[PDB]
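We begin with a single chain expressed as structure tokens, specifically the form deposited in one PDB entry.
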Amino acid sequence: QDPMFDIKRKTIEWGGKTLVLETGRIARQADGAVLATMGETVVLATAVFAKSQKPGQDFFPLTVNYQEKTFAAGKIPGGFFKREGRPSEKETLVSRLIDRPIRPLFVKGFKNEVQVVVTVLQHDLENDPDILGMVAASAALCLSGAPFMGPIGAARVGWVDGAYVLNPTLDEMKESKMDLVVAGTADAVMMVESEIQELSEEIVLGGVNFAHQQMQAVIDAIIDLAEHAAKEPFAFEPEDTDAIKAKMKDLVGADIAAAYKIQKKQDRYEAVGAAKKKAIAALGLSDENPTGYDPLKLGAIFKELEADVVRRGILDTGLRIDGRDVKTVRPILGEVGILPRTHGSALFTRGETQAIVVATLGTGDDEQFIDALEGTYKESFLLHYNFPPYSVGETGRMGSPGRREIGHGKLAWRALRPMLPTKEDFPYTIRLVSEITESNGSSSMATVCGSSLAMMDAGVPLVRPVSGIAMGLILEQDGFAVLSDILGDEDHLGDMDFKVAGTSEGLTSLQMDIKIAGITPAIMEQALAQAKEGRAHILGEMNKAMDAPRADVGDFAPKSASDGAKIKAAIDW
């Protein structure tokens, strides 16, 4: 009389480390649950989905919670309450790392609540559980039966001694000049997040491709575990709306195409709405004339259509919504010393995206204690990124930064950090904060730009300025276009969003989010080549403003004291 029907996939020596995936002992009431071990780090991941759709859904409600338990490392928490509480920085980033590549793999049209939680149970002080968490969540999701077209594999890739190293340990990362985390399906890399010591597009792309090859073993293992242990696939067919699309196309299609050829903002709109309200009338509206399709569901299908057209118009000619060529970058102006009393300050404007970035310098008191499982440590480069709603002409709730704001700060932090001077040459803590005052496509590269500028303006001896750009891709079966410095609404109109930042010597951070299969390494090679043109350009516009660090730090403030007179007093004392 045996409880627990355990099924394991143990095999996988995975690059010289054992990866076990276990299921059927733990958390049997979840849709999928996997205890996953790699070396001696253990997480449990679980996946639960609602078996029906809340009325009037809209969008796909996925949520992901990665969470560390400090017992995983033999310690009690340091807080006054000695319990773990709100997510830390690492816990937020990680939840975002898992969410990013799962979200697009769920079948189009599926809109039931889905939650994934990943709990770190043991940490071996070598193998990071963040990669394991990713693999684990993937595993739990395939096993659950949810309409998830995975699995995803994931891997970290380092660059040590002139070679890729797979899943390097915490000690190995100390000697690595790249921190590349990738996630992908069998077909496609789906997500990249990195911090790099000025290494070339070819080498960074090499790393991506490497991760993609090396993650295949885990994908194979997950399918093996799925095949022995998965639940019944949840039935869910989406809607052959596919039909009346053809309909409304041939109709308002030629209309919409020349509608977009109109320039003059207003009017252009005008034409579009006409086209809608039209095919709306005698189409999908139903009543008065059946039938019909529920109108305003015919709207959804229309948007799809103008999108396909906008996408085609782009591929024939290289012309965009705002009139740029796929290579054109928006006008730029950067300006420093805008808040003269602040240690260093910059205003950076690219088109309609703008960031005020100010830099403050402090000492040992000002470093942030972060107590990680893996060890407790002090942090002296801080970057806080603030995205107020007035930046998009909207109202919303203030205080308490979200997943999105933590993650952007992070993506700028990774862009700038490889280039700070060393503690020995410049013993300060650096807090940058950045207020996005207008946003229309890449506020987070704006903050990278602003941040170079603010730091040089503060006299931080950065070894090289850094600039970043945000890029998109329209991919079709007959051609593709890479877009330079995308507008915010082009964002939801491409198959791939990435941002590249770096110095005049090579990259510093590459972030990618891919929505579909078919981006060849040939196509990424280009994409990164056009981005290189852009960031060089942008860096050039930035040098008009500062070029090199100031030699000294601001009047206010410190060293320590704000006076050289008080320092000499102390020294003599």
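All residue numbers refer to positions in the sequence shown, first residue = 1. For clarity, a rigid core is taken as the largest C-alpha set superposing within 1.5 Å between two forms.
K.L.:
Check the residues of the deposited sequence separating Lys559 from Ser560 and report how many of them have no coordinates, as none, 1 to 3, 4 to 9, or 10 or more.
P.N.:
Going from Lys559 to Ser560, the model skips 10 or more residues of the deposited sequence.
K.L.:
Where do the C-alpha atoms have the higher mean temperature factor in this entry, in 275 to 283 or in 330 to 338?
P.N.:
Between 275 to 283 and 330 to 338, it is 275 to 283.
K.L.:
Of 377 to 385 and 294 to 302, which one has the bigger average CA B-factor?
P.N.:
Per the PDB record, 294 to 302.
K.L.:
Can you pull the Cα B-factors for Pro401, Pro87, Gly494, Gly78 from the entry and say which is highest?
P.N.:
In this record, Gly494 carries the highest C-alpha B-factor of the candidates.
K.L.:
Out of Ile370, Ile469, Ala259, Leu166, whose C-alpha atom has the biggest B factor in the entry?
P.N.:
Within the set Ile370, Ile469, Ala259, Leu166, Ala259 shows the top C-alpha B-factor.
K.L.:
What third of its chain's C-alpha B-factors does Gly407 belong to: lowest, middle or highest?
P.N.:
Lowest third - that is where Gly407 ends up once the chain's C-alpha B-factors are sorted.
K.L.:
When the deposited Cα B-factors of this chain's modelled residues are ordered and cut into thirds, is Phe236 in the lowest, the middle or the highest one?
P.N.:
CA B-factor rank for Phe236: highest third.
K.L.:
Grab the CA temperature factor for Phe49 from the record and place it in the lowest, middle or highest third of its chain.
P.N.:
Answer is middle: the recorded C-alpha B-factor places it there.
K.L.:
For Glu202, does the deposited CA B-factor place it in the lowest, middle or highest third of the chain?
P.N.:
Middle third of the chain for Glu202's C-alpha B-factor.
K.L.:
Would you mind ranking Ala307 by its C-alpha B-factor against the rest of the chain and naming the third, lowest, middle or highest?
P.N.:
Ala307: CA B-factor falls in the highest third of its chain.
The next section is about a form of this same protein that is not shown, the form deposited in another entry.
K.L.:
After superposing the two forms on their rigid core, pick out the one entry in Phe480, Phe110, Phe381, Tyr260 with a CA shift of 2 Å or more between the shown form and the other one.
P.N.:
Result of the comparison: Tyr260.
K.L.:
Would you say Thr169 moves its Cα by 2 Å or more between the shown form and the other one, aligning on the core?
P.N.:
No, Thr169 moves less than 2 Å.
K.L.:
Kindly check if the Cα atom of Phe302 is displaced 2 angstroms or more between the shown form and the other one relative to the superposed rigid core.
P.N.:
True for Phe302: a C-alpha shift of 2 Å or more.
K.L.:
Has the Cα of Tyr269 moved 2 Å or more between the shown form and the other one, judged after a core fit?
P.N.:
Yes, the C-alpha position differs by at least 2 Å between the shown form and the other one.
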